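Here are two versions of the same chain, shown separately as structure tokens and labelled structure 1 and structure 2.
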Structure 1
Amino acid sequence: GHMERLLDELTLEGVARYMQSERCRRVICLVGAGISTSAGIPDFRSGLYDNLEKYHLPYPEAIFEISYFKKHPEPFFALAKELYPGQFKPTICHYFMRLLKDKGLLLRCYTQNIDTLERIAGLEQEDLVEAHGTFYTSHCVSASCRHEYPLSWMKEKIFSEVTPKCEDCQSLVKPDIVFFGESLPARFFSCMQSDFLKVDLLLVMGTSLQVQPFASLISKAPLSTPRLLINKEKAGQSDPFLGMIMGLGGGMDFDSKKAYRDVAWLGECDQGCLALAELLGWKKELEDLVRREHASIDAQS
């Protein structure tokens, strides 16, 4: 009558032992804004509403709407200048994912971040699903053109306060982030199905699991696949699911007597990753990697 229990206990220690077993070959990370707050990028939960007042929008959410952007792009680009990070140093948490890549354990990193820090940390396009898009590239919005621009070009336009126009056709050029009204990227839909059939461990970091796609993505994992949340607070829990599909419905179950596969480690993402690395025997490798990669960035300033 009972599900296979791949974790020997619902703790970080049980997750580590499972990770070291033959059974754990494919890890998927789901990462959000919480993994970049220690890099100096605020998550807007400690808000945009104040930044937005000066632009005299019809309502605050108009800043996210693709239709409003196309008629009045100046507020977005002015906000983009205000919000542009002053440096791009990936965190311990990003480099933990680089370790997973280099050890052959990373099936995919799904991110809702647009800050490009995953790429800076050495994850490649094939490792990544940027689910809310990214600033890494931008495109001309004209359907017959679609000329691509790199972040260095977009940055210069943002900082010079020149509304970016396409060099081929003079249409607007928009960062490849997902504005409201736009579909999630094609990349997301082509990977999700296949990935979530093959996943042996789901690592969820720095997200409250309230926005799409992550809010529902956690439920696509096989029922036996363990799920570790590293976050400041619990996320993804709900009341016991009362509909047809029973245990397949609803979210994380950390605390009930039916709990069998989900673990919550509450604290800083960087500290959680370092604690997990330590259990795995990777703490020196991770510390060495962070030191060298941060130094490589510091050496170019």
Structure 2
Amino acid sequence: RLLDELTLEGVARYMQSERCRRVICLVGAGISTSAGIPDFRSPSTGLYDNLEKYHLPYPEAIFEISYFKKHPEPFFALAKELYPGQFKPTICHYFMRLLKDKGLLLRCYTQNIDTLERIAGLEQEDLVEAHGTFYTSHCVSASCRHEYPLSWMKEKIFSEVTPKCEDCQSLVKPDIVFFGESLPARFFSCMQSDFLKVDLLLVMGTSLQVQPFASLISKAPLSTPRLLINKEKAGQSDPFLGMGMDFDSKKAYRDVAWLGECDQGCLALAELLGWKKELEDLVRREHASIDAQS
């Protein structure tokens, strides 16, 4: 096997070996909760808390395409309620910036729509926004498809005006993938190529339940180590549906679970790699610069 032990220390030693050249990150809502964006998983602060004001037929409807097409207003009202006062990427986001700066980042596949990867300095070429993004929006009329930046979309969201296209007056929709919509072609094109040559999978802040994103962990070669940094031990096979990640069996050979906050796990990994000062300085500098432009 490629890891000398199934620990964070073993992953760090592998990362600094000649074998580890190309890292893929798979991230979800857990990497942005410390930036103030709720996940689904938390019962106290998660998205399903405080949804009865919207009078939905069922809670999940506000994230489903068929409901959005019938009544876009609840989703835009929720977007206003959750729009953050500042966009400060987390320690975890800036750990991925270090992977980019050091030439190790092949790709970040993200389920997040909050743009924080881009704010942290990942480029479009580095990213597969598997569920799209608020970064850009488009008129929904097939004959128009006028594009609008987030500055435009934010103003429509905060004035509580359902965004309409200035050219044709159709609805303007953030470039996100609702439940029930097809994922972007870029997701499948990158998935079919990137996982031929990946040396390490870093999975952070996701429960690995939404498909087809969750299936990405099975696309790596069988020898590729997989490190999960997450509050809970996600990605294991379900004992009923099985009739995945193998952290604990007698056959376990490549999967490591670090259970805790993504910011703390990334800091711990950075420290093992000799990057702790770099990461601390980067986060403090970037946050101070964001404040200086506010």
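By rigid core we mean the largest C-alpha set that fits within 1.5 Å across both forms. Numbering runs along the sequence of structure 1, starting at 1.
Is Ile66 one of the residues whose Cα moves 2 Å or more between the two structures, with the core superposed?
Passes the 2 Å threshold, so yes.
Would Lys234 count as moving between the two structures, using a Cα shift of 2 angstroms or more after superposing the core as the test?
Shift at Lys234: below 2 Å after core fit.
Please state whether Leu52 has a C-alpha shift of 2 Å or more between the two structures, with the rigid core used for the fit.
The answer is yes, as the C-alpha of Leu52 shifts between the two structures by 2 Å or more after core alignment.
Using the rigid core as the frame, report the C-alpha movement of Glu268 between the two structures, one decimal, in Å.
Once the two forms are fitted on their core, the shift reads 0.4 Å.
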